[PDB]
Amino acid sequence: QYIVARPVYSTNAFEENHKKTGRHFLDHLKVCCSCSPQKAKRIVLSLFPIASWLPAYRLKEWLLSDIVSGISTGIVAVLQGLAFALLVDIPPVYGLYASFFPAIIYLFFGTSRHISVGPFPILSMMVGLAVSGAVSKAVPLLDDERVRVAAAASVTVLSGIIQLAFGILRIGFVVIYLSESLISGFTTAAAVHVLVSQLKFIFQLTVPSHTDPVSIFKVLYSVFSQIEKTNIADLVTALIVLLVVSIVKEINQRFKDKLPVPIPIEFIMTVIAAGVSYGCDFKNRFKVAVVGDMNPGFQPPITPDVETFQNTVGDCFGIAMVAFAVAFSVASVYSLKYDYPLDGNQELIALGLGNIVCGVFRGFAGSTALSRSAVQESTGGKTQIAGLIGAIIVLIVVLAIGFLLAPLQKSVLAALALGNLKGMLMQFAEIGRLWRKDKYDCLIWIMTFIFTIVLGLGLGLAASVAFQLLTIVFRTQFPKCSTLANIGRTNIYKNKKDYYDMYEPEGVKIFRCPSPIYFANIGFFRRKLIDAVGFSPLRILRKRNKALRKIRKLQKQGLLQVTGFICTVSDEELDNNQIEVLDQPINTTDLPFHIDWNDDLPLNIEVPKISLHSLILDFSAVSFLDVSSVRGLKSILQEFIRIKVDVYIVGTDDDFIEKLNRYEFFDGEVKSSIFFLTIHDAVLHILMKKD
Amino acid sequence: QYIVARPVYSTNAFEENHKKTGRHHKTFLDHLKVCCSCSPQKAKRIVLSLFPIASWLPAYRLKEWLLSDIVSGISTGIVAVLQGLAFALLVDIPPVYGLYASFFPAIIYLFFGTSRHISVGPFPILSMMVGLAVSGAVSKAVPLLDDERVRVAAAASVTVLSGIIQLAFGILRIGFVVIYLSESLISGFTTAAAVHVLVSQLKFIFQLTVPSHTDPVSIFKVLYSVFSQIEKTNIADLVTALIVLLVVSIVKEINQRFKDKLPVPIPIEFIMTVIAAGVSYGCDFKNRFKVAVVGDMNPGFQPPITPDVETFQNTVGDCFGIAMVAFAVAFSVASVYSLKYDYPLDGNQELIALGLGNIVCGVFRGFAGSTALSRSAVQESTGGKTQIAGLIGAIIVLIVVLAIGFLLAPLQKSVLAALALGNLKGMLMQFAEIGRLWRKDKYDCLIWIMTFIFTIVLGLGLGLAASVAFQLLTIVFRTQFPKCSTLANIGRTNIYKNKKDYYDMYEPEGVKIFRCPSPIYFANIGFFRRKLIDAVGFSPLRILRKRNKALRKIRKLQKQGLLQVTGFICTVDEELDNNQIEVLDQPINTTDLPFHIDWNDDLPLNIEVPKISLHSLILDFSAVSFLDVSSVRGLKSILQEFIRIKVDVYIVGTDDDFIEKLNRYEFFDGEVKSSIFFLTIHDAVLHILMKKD
Ligand SMILES: CC(C)CCC[C@@H](C)[C@H]1CC[C@H]2[C@@H]3CC=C4C[C@@H](OC(=O)CCC(=O)O)CC[C@]4(C)[C@H]3CC[C@]12C
Ligand SMILES: CC(C)CCC[C@@H](C)[C@H]1CC[C@H]2[C@@H]3CC=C4C[C@@H](OC(=O)CCC(=O)O)CC[C@]4(C)[C@H]3CC[C@]12C
Ligand SMILES: CC(C)CCC[C@@H](C)[C@H]1CC[C@H]2[C@@H]3CC=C4C[C@@H](OC(=O)CCC(=O)O)CC[C@]4(C)[C@H]3CC[C@]12C
Ligand SMILES: CC(C)CCC[C@@H](C)[C@H]1CC[C@H]2[C@@H]3CC=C4C[C@@H](OC(=O)CCC(=O)O)CC[C@]4(C)[C@H]3CC[C@]12C
Ligand SMILES: CC(C)CCC[C@@H](C)[C@H]1CC[C@H]2[C@@H]3CC=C4C[C@@H](OC(=O)CCC(=O)O)CC[C@]4(C)[C@H]3CC[C@]12C
Ligand SMILES: CC(C)CCC[C@@H](C)[C@H]1CC[C@H]2[C@@H]3CC=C4C[C@@H](OC(=O)CCC(=O)O)CC[C@]4(C)[C@H]3CC[C@]12C
Ligand SMILES: CC(C)CCC[C@@H](C)[C@H]1CC[C@H]2[C@@H]3CC=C4C[C@@H](OC(=O)CCC(=O)O)CC[C@]4(C)[C@H]3CC[C@]12C
Ligand SMILES: CC(C)CCC[C@@H](C)[C@H]1CC[C@H]2[C@@H]3CC=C4C[C@@H](OC(=O)CCC(=O)O)CC[C@]4(C)[C@H]3CC[C@]12C
Ligand SMILES: NC(=O)n1c(O)c(C(=O)c2cccs2)c2cc(Cl)ccc21
Ligand SMILES: NC(=O)n1c(O)c(C(=O)c2cccs2)c2cc(Cl)ccc21
C-alpha cells in the first residue's frame, strides 16, 4: 500500500536537509581545441569512412550478392537518370552524369551502405524550376539547352556548396525540423507535381518553362490548351506501358511465393520498346520524340557561372535542404536495419562533395532515390561496392554502349516515372486518418499540400515549415487551464469538474496550467487565473487603497477615533497622473488597529468582500518561461501578495528554480519561500499556518 | 506533518474507484445553435459593442470631466497638428496631407473606438512603413509637380488597402494576433525603427535631395545617398536644427528632473515651433538664406478619389505588415491606459475602429495611422478623461486646416525633423537591454539581436515577418534538446529528484526512471529516444535482435538433434541475407519449448547473449504537455520493443485529458495496454516492488 511518513518540505527546508553536489566560454574551448593523436586518427577515420569499412570486408560471403545488387542498381540507375533528366529541360545525355559522379564521391565519403545516390524526381523538378528561374532572370533550337545545362550545373554547384558548408558547420539536425506530417504532405505534393510535369512528355508537346508561383496550374494550361497536337501512337504506347507496369506491380507485390529475383518490367519493357523502335521505325512511319543521339564520352568541366549564382541563391537553399532531408530519411530505414551508426554531418559532407563534382562535370544535383535504394537493398546490397558497380555500369553505358539506348521513345520514360507512383501517391489516404488522430497534424498536412501546390515546389517548403513552427504556438496558445481539488482526503488532486467526491479546502484555490507559459499565452493565463479566482486582485487593491485614503482623510478631518473605530456621527475622484498612488502596497503602521477588510468597516464606506487566504499555482506541466512570462508572473504575484493573499508554486524542479533565480524575479516581496515540492504538502503547510 | 495512507492506484483502478462526470457534449459539431441563436438582448448587446459611442455617451459626468477634457483636447490637438506635418515628411508627400491623417481617423475612432485615452493619428513607424510601401508602388508601376501627385495617390491607396485588411481581420474576430509579438521582439523592432527614424530624418536635417529607396538594405542605401553630398548642405538650416535639438533635449530633461514646483509640463515643442515660425517670418530665411520651408497650405480638403487598383496588387505584401504594425502599436499603447482606469478594451472592436478610420483617411487623401505613443502620453497626462479630448483635437486640426494656414506656412520643415529626433531619446534608450537580456534568458537576447539585425537589413515589413518567423523558431530552439536526466528516490519516501544532484541518492534495483522536462513533439522525439537509450544503458532493438538470432540458432540445433528438452542437455554462424532480416524483430515466443528461459542465468554452449539488468522502467511524463503524430509513433515503437524484450514500461504524471487524447491515437493495443499509466512515481515504484515480490 502507498504509505508515506515524510516531513513537509518547502524547497527551502529541503536543500538545507540534503546536501547538493558539484555544479561546475573557456571551459568548452579548452576541451574542443584539445588536440590528441588518437583524436586526430578518429576524426580522420570519420571524415574518410572508406578506410573504416574497406579492411573489414568478408569477400567470400559478400562479393556475389554485392555484384548482383550492383548490376541491378546500375541498370535501374541508367534507366532513371535519363528519365529524371527530362524534368529538367536538358538533353538526357547529362542525366547519366548525375548518376555517376555522386556515386563515386559517396563511395569514398559516405557512411550508409545501402543507398544508391543519384537523381530523384523531387530534386530534379526543384533543379528544373531553379534553372527556369535563372534563365528567366538572366540579363542578355541548339541555343537554349546549352544555357539550360550551364545554369543547371551552376545551381547544382551552389547547392553542393551550401550542403558542404552545412556539413562543415556540423549543423546536421536540420532534418529534425521537417518532421513527419510535413514530409508526407510535401511528398504527396511533389508526386502531384511529377504527375503534372510528365504530361508534356506523355503527350509529346512543347510547353514554355514556367517558374515559381502557381507552377502546376500554369503548366496545366500550357498542356491542356494544345490537346489537338498530341501524337496518338505515343499516347497509346505510353498508356499500354502504364497499365502493364501497374498490373505486373500488383502481381509482384502479390504472389510473393517461389518468385526469387522479382521480374524487372522496367528494364524488360524498355528493352521491348527499344527493340520495336529499331524494328518498325516510329521515327519514319510515325512522328515521335525519340531520345537524341548519345555522344560517346564525358564533357570538359566548366567554371560555375557567377551571374546565376546570385539569382538562384534562394532556390538552392531549398534544393540542398530537400536533398539532405531525402537522403537522411531514405538512409534512416537502412540504418535502423543492420544497426550501423550513420552520421548526419558526414552524410551531408559526402552529398555536398558529390554535388560539387557532378555540377563541375556538367551534371545536376541529386541524392539517393527511394525506389533505387529499395531495389539496391532488396537485391542484396551488402555495402557501397554495389554503388561502385552501378557507377561503373553507368560509365560503360556512357562510353561504349549508347546506340542501342539511342532509339528510346523518350515518353515511355515519362510513363515509367509515372509508373512507380502508386505507393508514392497512396499518402493521400492520410487526411482522414489524421483528422481523427490529432486535428492539428491534419491541418499541417493540408496546409503543406496547399502551399507546395500553389507556391511551387520551392518557397512552398519554407512557408510549410514556417506554418509548422507556428503550429506549436497554435497548440499552446490556449491551454486547457482548470481548477484542482483534493480527492479522497489524500495526496491526489485532479480537475474540479471531473469527479463527484470533489473536496476543496476553505479559501484555497489551486490553479494548474497544462502548457508552457511563454510570451504568446501569458495574457490568456492571467485571464484564466482571474476567472478561476473570481476577482481581480488589482481591482481589489485599488478599491482598498481608495477606501484607506478616504478613511485617512476622515481621520485628518477629525471624525474617526483610533483606540474601536468609533464614529462621532464626499467622493473625491482623483485626476490622472496621480491615480498611480492607488497601486501602492497597503501599509497601516500609522493606525494602531489591524483592519482586515473582511468583518466590517466604518460607515458609508464600501469594500468588496474577500474569501481567499491563499492560492497554489501548479507548475508541474510548465516546462519553460521567457522574459515576458517572467514579467507577467512577477506582476501577478506582486499584487496577489499586496492584497494580502499568500501565493505558492509547486511541481517545479531544481533546474527550473535555478533558471528562475537569474531573472530578477525574487526580491523583498516575492520571496523564495513560495516554492513547494508537491500540491499536498503545500496544502498541509497552508493548514498548519492557518491553525 | 506529511502523512498519506491511500491505496496504490494505476489510473485504471482509480476510475473504477471514483465515478466521473458527464462530459456529454463535444465542441466542434454541436457548437452551433448558441452562436446563431438570435435574441433581442443579444442583438442589443452586439449593437452596443459594435457602436461603443452609445455605451459611454449617456454615462457622462460633465461638471467634473468637461474642463479637463477640453484642456487635454486642446493640448493633444496642438501636438497632433505639430506632428502630422512632421511625420508627413517621412512619406515623400506634401505636408498638407499630413494633417488629414490626424483628423478623419480621430473622427471615426470617436464613434467606433473603445479606449478613452488614445489619440489616433500618424506615428513615425507606420509613416515610414507607408513611405516604403508607396516607394515600392511607384517603382513597380507600369507607365516637380508630377511626382508628389502619384506619390499621394499611391499612399492613399496603400492606406485604403491596409484599412481593408484591418477591417477584415476585425470582422473575422482574429484579435489575438497581437500575442504573437513577444515583448523582446517588440523592443528590438522598436529600437530598429528608432534607428530608421534617425537615419531617414537626415535628408531633412541637412536639406538635401535623396532618391526614394525600397526594401532590401534601406538604411545603408539612404546613408550613402545622404553622405555622398555633405558639401550641398545648408549651414544655417544645420545650425538651427542643432540648436533646437540641444535646447529641446535640455529642457525636456529639466522637465524630467525638476518636476517639483513645475506647474504643467513645459510646452517646449509648441513654444519653439512658434519661435521658429516667428524668426522665419522675421529675418526672411527664404530670401537672406536658402531653406526648405513648408510650402503654402491650400485652404480646404480634397475630393475623395477611388483607390487605384494597379497599386492594390503590387503592395499587397507590405500592406499586411503595415496593418499588423498599426494594430500592434494601437493595442500596446492602449494596454497601459486600459490597465489603468480599469475599462474592458476589446481588441476586435479596436481593430474595426482603426480599419474604418484608415479607410476614411485613405479615401480622403490621407495616409494610414494609429495612436502614437507620445501623443497618447500627452493626452493622458494633460487630463484626458475620454475621447471628447480626441474630438477637440480633431476640430483643432479642422480649424488649422481651414482657417490658419498662413501662420504655419513659414516653417523651416527641418525643425520638424529635429523635433522628431528629439523625442527619440526614450525610444532609443531600449538599446540598454541586450546586456540585461544576456544574463536573463540567453534566448530573448538572441530574439532581440536577430530582430534588430533583420529589421536593419531586410527593412520594416520583411524584417518584421522574418523576425516573427525566427521568434516562432525560438520555441523549438528552447525545446529542441531537453535536459533529460535520471530520477531516484530520496530519503526512502515519495520524493524523486535528479540522480546527479544529491548524496543520499537511492535507486531501486533494476528500475530506471527517466524524465523529459519538455514537451515531446516532432522536433525532439529522436533526441528523446537517444537520451532514453543512453540512460538505460543498452539498445532494446539490439537486444531483441541478438535474442532472436540466438533463439533461431537454438531452434536450428534442436531440429538437427543436438539439444534435449525435458534440462537443456547438450552434446559435444548462419548469416542472414537481406529481405529476410526483418524476422529478427518479431516478438519472442517460446511456447514450443517446455522451459521458461529468461536469458539471464546462463545459456547452452558457444552461444552468447548480452546480459540484462532491467525488469522495468518508469517514464516520467509530468512535464510532457502535448504529443503529435510523429512523437506518438516514436513512443509506440519504443514501448513496443521495450515490452518485447520483456522489460515492463510505466508512464506516470499524466492527467485525464492527456489520457483521453492519447486514447484516440491508435496507441493502445494488445501489446501496449492501457494498464501502464500510473498516478505518481512513488506508487509506480511500489506496485513494481509488490509485483516483483
Ligand atoms: C493558401 C494561400 C493563402 C497561399 C498564398 C497564395 C498566393 C501567394 C498565390 C494565390 C494566387 C496566386 C497568383 C494567381 C495568378 C497569378 C498570375 C500569373 O501571371 C502570369 O503568369 C501572366 C498572366 C498574364 O500575362 O495575363 C503570375 C502569378 C500570379 C500573380 C499568382 C501569384 C501567387 C498567388 C498570389
Ligand atoms: C488557391 C487554390 C486552392 C486554387 C488555385 C486556383 C488559381 C490560383 C489558379 C487556377 C487557374 C490558374 C490560371 C490558369 C491560367 C492562367 C493563364 C496563364 O497564361 C497567360 O495569362 C499567358 C497569356 C495567354 O495564355 O495568352 C497565366 C497563369 C493563369 C493566370 C493561372 C493563374 C492561377 C490560377 C488562377
Ligand atoms: C541564413 C541563411 C539563409 C544564409 C545567410 C543569408 C543569405 C540568404 C544571404 C547572405 C549573403 C547574401 C549575398 C551577399 C551579397 C550578394 C551580392 C549581390 O550583388 C548583386 O548582384 C547586387 C544587385 C542585386 O542583385 O540587386 C546580390 C545578392 C548576394 C549574392 C547575396 C544573396 C543572399 C545571401 C547569400
Ligand atoms: C549560412 C552558412 C551556414 C552557409 C554559407 C553558404 C552561402 C551563404 C554562401 C556560400 C557560397 C556563396 C556564394 C559564392 C559566390 C557568389 C558570387 C558573388 O558574385 C560576384 O562575385 C559578382 C561579381 C561581379 O558582378 O563583378 C556574389 C555572392 C555569391 C552568390 C555567394 C553568396 C553566399 C554563398 C551562397
Ligand atoms: C542576417 C542575414 C542572414 C539576413 C539576410 C541578409 C540578406 C537578405 C541581405 C544581406 C546583403 C544584402 C544585399 C546587399 C547589397 C545589395 C545591392 C543592391 O543593389 C543596388 O542597390 C544597386 C547596385 C548597383 O547598381 O550596382 C540591391 C540589394 C542587395 C542585393 C542586398 C539584398 C539583401 C541582402 C542579400
Ligand atoms: C549584414 C550587416 C551586419 C552588415 C550590412 C552591410 C551591407 C549589407 C551594406 C553596407 C554598405 C552597403 C552598400 C553601400 C552602397 C551601395 C551603393 C548603392 O548605390 C549604387 O550602387 C547606385 C549607383 C551609384 O551610386 O553610382 C547601392 C547600395 C550599396 C551597394 C549598399 C548595399 C548594402 C551594403 C553593402
Ligand atoms: C485573409 C483574410 C483574413 C483577409 C482578406 C483581405 C485581403 C486578402 C483582400 C481584401 C482586399 C483584396 C484586394 C482588393 C482588390 C484587388 C484588385 C484586383 O485587381 C483587379 O481587379 C485588376 C483588374 C484588371 O487588371 O483588369 C486584384 C486583387 C486585389 C489586389 C485584392 C487582393 C485580396 C485583398 C487584398
Ligand atoms: C493568409 C494571408 C497572408 C492572406 C491570403 C494570401 C494573400 C497574400 C493572397 C491571396 C489572394 C492573392 C491575390 C489573388 C489574385 C491576384 C491577382 C494577380 O493579378 C495580376 O496582376 C497577375 C500578374 C502578376 O501580378 O504577376 C496579382 C496578385 C493578386 C492580387 C494576389 C495577391 C496575393 C493575395 C492577396
Ligand atoms: N524501380 C525502377 O526500376 N524504376 C522506378 O521506381 C521508376 C519510378 O517510377 C520512380 C518514381 C520515384 C523514384 S523512381 C522508374 C522509372 C524509370 Cl524511367 C525506369 C525505372 C524505374
Ligand atoms: N510630445 C511632443 O509634443 N512631440 C513629440 O514626442 C514629438 C516626437 O518627436 C515623436 C517621436 C515618436 C512619437 S512622437 C514631436 C514632434 C513634433 Cl514636430 C512636435 C511635437 C512632438
# chains A, B, ... in the order shown; residues from 1 in each chain; ligands from 1
$ residues_near_ligand --ligand "ligand 7" --cutoff "9 Å" --atoms "only C-alpha atoms and all ligand atoms" --output "ChimeraX atom specification"
/B:161-162,164-172,174,308-317,319-320
$ residues_around --residues "residue 538 (chain A)" --least-positions-apart "3" --cutoff "7 Å" --atoms "only C-alpha atoms" --output "ChimeraX atom specification"
/A:541-542,639
$ write_last_selection --atoms "N, CA, C and O atoms" --output "PDB file, in the first residue's frame"
ATOM      1  N   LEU A 541      -7.121  45.768  -4.826  1.00  0.00           N
ATOM      2  CA  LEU A 541      -6.112  46.658  -4.265  1.00  0.00           C
ATOM      3  C   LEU A 541      -6.483  48.118  -4.487  1.00  0.00           C
ATOM      4  O   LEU A 541      -6.333  48.946  -3.583  1.00  0.00           O
ATOM      5  N   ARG A 542      -6.962  48.452  -5.686  1.00  0.00           N
ATOM      6  CA  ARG A 542      -7.331  49.833  -5.974  1.00  0.00           C
ATOM      7  C   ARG A 542      -8.481  50.292  -5.087  1.00  0.00           C
ATOM      8  O   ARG A 542      -8.445  51.396  -4.528  1.00  0.00           O
ATOM      9  N   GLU A 639       0.788  41.807  -7.105  1.00  0.00           N
ATOM     10  CA  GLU A 639      -0.428  42.350  -6.496  1.00  0.00           C
ATOM     11  C   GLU A 639      -1.174  41.281  -5.703  1.00  0.00           C
ATOM     12  O   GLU A 639      -1.925  41.620  -4.778  1.00  0.00           O
TER      13      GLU A 639
END
$ residues_near_ligand --ligand "ligand 2" --cutoff "6 Å" --atoms "only C-alpha atoms and all ligand atoms" --output "ChimeraX atom specification"
/A:214,217-218,221
$ residues_around --residues "residue 473 (chain B)" --least-positions-apart "3" --cutoff "9 Å" --atoms "only C-alpha atoms" --output "list in words"
residues 466, 469 and 470 of chain A; 468, 469, 470, 476, 477 and 478 of chain B
$ residues_around --residues "region 541-546 of chain B" --least-positions-apart "4" --cutoff "10 Å" --atoms "only C-alpha atoms" --output "PyMOL selection string"
(chain A and resi 336-339) or (chain B and resi 550-552+581-588+608-612+638+640-642+644-646)
$ write_last_selection --atoms "N, CA, C and O atoms" --output "mmCIF file, in the first residue's frame"
data_model
loop_
_atom_site.group_PDB
_atom_site.id
_atom_site.type_symbol
_atom_site.label_atom_id
_atom_site.label_comp_id
_atom_site.auth_asym_id
_atom_site.auth_seq_id
_atom_site.Cartn_x
_atom_site.Cartn_y
_atom_site.Cartn_z
ATOM 1 N N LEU A 336 18.457 1.875 -39.353
ATOM 2 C CA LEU A 336 17.708 1.173 -38.319
ATOM 3 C C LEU A 336 17.828 -0.333 -38.504
ATOM 4 O O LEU A 336 17.988 -1.076 -37.529
ATOM 5 N N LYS A 337 17.747 -0.799 -39.746
ATOM 6 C CA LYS A 337 18.136 -2.166 -40.052
ATOM 7 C C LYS A 337 19.655 -2.256 -40.155
ATOM 8 O O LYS A 337 20.334 -1.273 -40.462
ATOM 9 N N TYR A 338 20.183 -3.440 -39.844
ATOM 10 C CA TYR A 338 21.608 -3.758 -39.946
ATOM 11 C C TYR A 338 22.452 -3.001 -38.925
ATOM 12 O O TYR A 338 23.651 -3.264 -38.797
ATOM 13 N N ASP A 339 21.833 -2.074 -38.194
ATOM 14 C CA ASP A 339 22.397 -1.462 -36.990
ATOM 15 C C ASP A 339 23.813 -0.918 -37.220
ATOM 16 O O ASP A 339 24.794 -1.403 -36.658
ATOM 17 N N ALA B 550 19.890 -15.747 -31.371
ATOM 18 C CA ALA B 550 20.237 -16.871 -30.510
ATOM 19 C C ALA B 550 19.127 -17.913 -30.488
ATOM 20 O O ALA B 550 19.398 -19.119 -30.523
ATOM 21 N N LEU B 551 17.870 -17.469 -30.426
ATOM 22 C CA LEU B 551 16.755 -18.411 -30.420
ATOM 23 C C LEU B 551 16.669 -19.165 -31.741
ATOM 24 O O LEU B 551 16.362 -20.361 -31.758
ATOM 25 N N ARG B 552 16.930 -18.482 -32.858
ATOM 26 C CA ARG B 552 16.933 -19.156 -34.152
ATOM 27 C C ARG B 552 18.028 -20.212 -34.219
ATOM 28 O O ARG B 552 17.800 -21.324 -34.711
ATOM 29 N N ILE B 581 15.953 -10.354 -42.946
ATOM 30 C CA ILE B 581 16.412 -9.952 -41.620
ATOM 31 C C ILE B 581 15.279 -9.403 -40.765
ATOM 32 O O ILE B 581 15.382 -9.406 -39.531
ATOM 33 N N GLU B 582 14.165 -9.008 -41.387
ATOM 34 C CA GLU B 582 13.033 -8.472 -40.639
ATOM 35 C C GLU B 582 12.444 -9.487 -39.669
ATOM 36 O O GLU B 582 11.728 -9.093 -38.743
ATOM 37 N N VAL B 583 12.723 -10.779 -39.860
ATOM 38 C CA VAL B 583 12.249 -11.796 -38.929
ATOM 39 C C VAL B 583 12.907 -11.694 -37.564
ATOM 40 O O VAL B 583 12.431 -12.319 -36.610
ATOM 41 N N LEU B 584 13.990 -10.925 -37.443
ATOM 42 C CA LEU B 584 14.657 -10.746 -36.160
ATOM 43 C C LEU B 584 13.942 -9.753 -35.254
ATOM 44 O O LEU B 584 14.254 -9.696 -34.060
ATOM 45 N N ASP B 585 13.001 -8.976 -35.784
ATOM 46 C CA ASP B 585 12.238 -8.026 -34.986
ATOM 47 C C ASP B 585 10.930 -8.607 -34.468
ATOM 48 O O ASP B 585 10.178 -7.895 -33.794
ATOM 49 N N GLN B 586 10.640 -9.870 -34.764
ATOM 50 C CA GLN B 586 9.408 -10.482 -34.298
ATOM 51 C C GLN B 586 9.461 -10.701 -32.787
ATOM 52 O O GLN B 586 10.539 -10.881 -32.214
ATOM 53 N N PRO B 587 8.308 -10.676 -32.116
ATOM 54 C CA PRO B 587 8.295 -10.928 -30.671
ATOM 55 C C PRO B 587 8.771 -12.335 -30.348
ATOM 56 O O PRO B 587 8.581 -13.276 -31.122
ATOM 57 N N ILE B 588 9.398 -12.471 -29.184
ATOM 58 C CA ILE B 588 9.964 -13.748 -28.761
ATOM 59 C C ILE B 588 8.855 -14.603 -28.160
ATOM 60 O O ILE B 588 8.209 -14.208 -27.184
ATOM 61 N N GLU B 608 26.286 -16.763 -27.295
ATOM 62 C CA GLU B 608 26.499 -15.593 -26.455
ATOM 63 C C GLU B 608 25.347 -14.613 -26.623
ATOM 64 O O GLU B 608 24.970 -14.276 -27.750
ATOM 65 N N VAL B 609 24.799 -14.159 -25.500
ATOM 66 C CA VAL B 609 23.749 -13.144 -25.477
ATOM 67 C C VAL B 609 24.127 -12.097 -24.435
ATOM 68 O O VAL B 609 24.548 -12.459 -23.328
ATOM 69 N N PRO B 610 24.017 -10.805 -24.744
ATOM 70 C CA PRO B 610 24.326 -9.785 -23.736
ATOM 71 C C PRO B 610 23.417 -9.912 -22.524
ATOM 72 O O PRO B 610 22.218 -10.171 -22.647
ATOM 73 N N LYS B 611 24.003 -9.729 -21.345
ATOM 74 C CA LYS B 611 23.232 -9.796 -20.116
ATOM 75 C C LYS B 611 22.365 -8.550 -19.967
ATOM 76 O O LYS B 611 22.614 -7.507 -20.579
ATOM 77 N N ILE B 612 21.329 -8.668 -19.138
ATOM 78 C CA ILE B 612 20.395 -7.576 -18.913
ATOM 79 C C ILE B 612 20.241 -7.384 -17.410
ATOM 80 O O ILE B 612 20.470 -8.298 -16.615
ATOM 81 N N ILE B 638 8.991 2.637 -29.364
ATOM 82 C CA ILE B 638 9.903 2.451 -28.237
ATOM 83 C C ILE B 638 9.289 1.511 -27.211
ATOM 84 O O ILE B 638 9.915 0.532 -26.781
ATOM 85 N N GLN B 640 6.961 -0.586 -27.726
ATOM 86 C CA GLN B 640 6.773 -1.896 -28.331
ATOM 87 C C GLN B 640 8.013 -2.761 -28.164
ATOM 88 O O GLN B 640 7.928 -3.888 -27.664
ATOM 89 N N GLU B 641 9.184 -2.249 -28.556
ATOM 90 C CA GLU B 641 10.351 -3.112 -28.383
ATOM 91 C C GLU B 641 10.743 -3.269 -26.919
ATOM 92 O O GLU B 641 11.270 -4.327 -26.546
ATOM 93 N N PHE B 642 10.478 -2.268 -26.073
ATOM 94 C CA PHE B 642 10.775 -2.421 -24.653
ATOM 95 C C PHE B 642 9.937 -3.534 -24.032
ATOM 96 O O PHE B 642 10.447 -4.341 -23.250
ATOM 97 N N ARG B 644 8.694 -5.972 -25.794
ATOM 98 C CA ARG B 644 9.088 -7.194 -26.487
ATOM 99 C C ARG B 644 10.347 -7.816 -25.896
ATOM 100 O O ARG B 644 10.516 -9.039 -25.967
ATOM 101 N N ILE B 645 11.241 -7.012 -25.322
ATOM 102 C CA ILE B 645 12.446 -7.571 -24.708
ATOM 103 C C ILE B 645 12.158 -7.956 -23.264
ATOM 104 O O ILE B 645 13.079 -8.246 -22.492
ATOM 105 N N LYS B 646 10.880 -7.923 -22.884
ATOM 106 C CA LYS B 646 10.412 -8.374 -21.572
ATOM 107 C C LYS B 646 10.971 -7.503 -20.444
ATOM 108 O O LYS B 646 11.536 -7.998 -19.468
#
$ residues_around --residues "residue 301 (chain B)" --least-positions-apart "3" --cutoff "10 Å" --atoms "only C-alpha atoms" --output "ChimeraX atom specification"
/B:96-97,100,298,304,364-365,398,401-402
$ closest_residue --among "B:658, B:65, B:665, B:528" --to "chain A" --atoms "only C-alpha atoms"
B:665
$ residues_near_ligand --ligand "ligand 3" --cutoff "8 Å" --atoms "only C-alpha atoms and all ligand atoms" --output "list in words"
residues 307, 309, 310, 311, 313, 314 and 317 of chain A
$ select_by_dssp --residues "region 440-610 of chain B" --states "strand (DSSP E or B)" --output "list in words"
residues 485, 486, 487, 488, 489, 496, 497, 498, 502, 506, 511, 512, 513, 514, 515, 564 and 569 of chain B
$ write_last_selection --atoms "C-alpha atoms" --output "PDB file, in the first residue's frame"
ATOM      1  CA  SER B 485      18.013  13.189 -16.569  1.00  0.00           C
ATOM      2  CA  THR B 486      17.559  10.140 -14.336  1.00  0.00           C
ATOM      3  CA  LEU B 487      15.407  10.092 -11.200  1.00  0.00           C
ATOM      4  CA  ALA B 488      15.855   8.104  -7.996  1.00  0.00           C
ATOM      5  CA  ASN B 489      14.364   8.145  -4.518  1.00  0.00           C
ATOM      6  CA  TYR B 496      12.286  11.819  -6.535  1.00  0.00           C
ATOM      7  CA  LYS B 497      14.959  14.173  -7.875  1.00  0.00           C
ATOM      8  CA  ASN B 498      17.861  14.127 -10.320  1.00  0.00           C
ATOM      9  CA  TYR B 502      22.275  14.693  -4.041  1.00  0.00           C
ATOM     10  CA  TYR B 506      18.991   5.709  -3.575  1.00  0.00           C
ATOM     11  CA  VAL B 511      14.432   0.153 -12.103  1.00  0.00           C
ATOM     12  CA  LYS B 512      15.445   3.147 -14.236  1.00  0.00           C
ATOM     13  CA  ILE B 513      13.286   6.277 -14.033  1.00  0.00           C
ATOM     14  CA  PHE B 514      13.506   8.657 -16.998  1.00  0.00           C
ATOM     15  CA  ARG B 515      12.089  12.191 -17.059  1.00  0.00           C
ATOM     16  CA  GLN B 564      17.389 -32.158 -25.449  1.00  0.00           C
ATOM     17  CA  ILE B 569      21.035 -31.149 -22.108  1.00  0.00           C
TER      18      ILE B 569
END
$ residues_around --residues "residue 239 (chain B)" --least-positions-apart "5" --cutoff "12 Å" --atoms "only C-alpha atoms" --output "ChimeraX atom specification"
/B:205-207,233-234,244-246,291,414-415,418
$ closest_atom_pairs --of "chain B" --to "ligand 6" --cutoff "12 Å" --atoms "only C-alpha atoms and all ligand atoms" --output "tab-separated table"
residue	atom	partner	partner_atom_place_in_ligand_line	distance
B:210	CA	ligand 6	25 (O)	11.6
B:211	CA	ligand 6	22 (C)	10.3
B:212	CA	ligand 6	19 (O)	11.9
B:213	CA	ligand 6	27 (C)	9.3
B:214	CA	ligand 6	28 (C)	10.8
B:215	CA	ligand 6	28 (C)	11.3
B:216	CA	ligand 6	33 (C)	8.2
B:217	CA	ligand 6	33 (C)	5.7
B:218	CA	ligand 6	33 (C)	8.3
B:219	CA	ligand 6	12 (C)	8.7
B:220	CA	ligand 6	12 (C)	5.3
B:221	CA	ligand 6	28 (C)	4.9
B:222	CA	ligand 6	28 (C)	8.6
B:223	CA	ligand 6	14 (C)	7.7
B:224	CA	ligand 6	15 (C)	5.7
B:225	CA	ligand 6	19 (O)	7.6
B:226	CA	ligand 6	15 (C)	10.9
B:227	CA	ligand 6	15 (C)	10.4
B:228	CA	ligand 6	25 (O)	8.8
B:229	CA	ligand 6	25 (O)	11.6
B:449	CA	ligand 6	3 (C)	10.9
B:450	CA	ligand 6	3 (C)	10.4
B:452	CA	ligand 6	3 (C)	10.1
B:453	CA	ligand 6	3 (C)	6.8
B:454	CA	ligand 6	1 (C)	8.8
B:455	CA	ligand 6	2 (C)	10.7
B:456	CA	ligand 6	2 (C)	8.0
B:457	CA	ligand 6	1 (C)	6.6
B:458	CA	ligand 6	8 (C)	9.5
B:459	CA	ligand 6	8 (C)	11.5
$ residues_near_ligand --ligand "ligand 1" --cutoff "7 Å" --atoms "only C-alpha atoms and all ligand atoms" --output "PyMOL selection string"
chain A and resi 213-214+218+450-451+454-455
$ closest_residue --among "A:598, A:477, A:673, A:368" --to "ligand 9" --atoms "only C-alpha atoms and all ligand atoms"
A:368
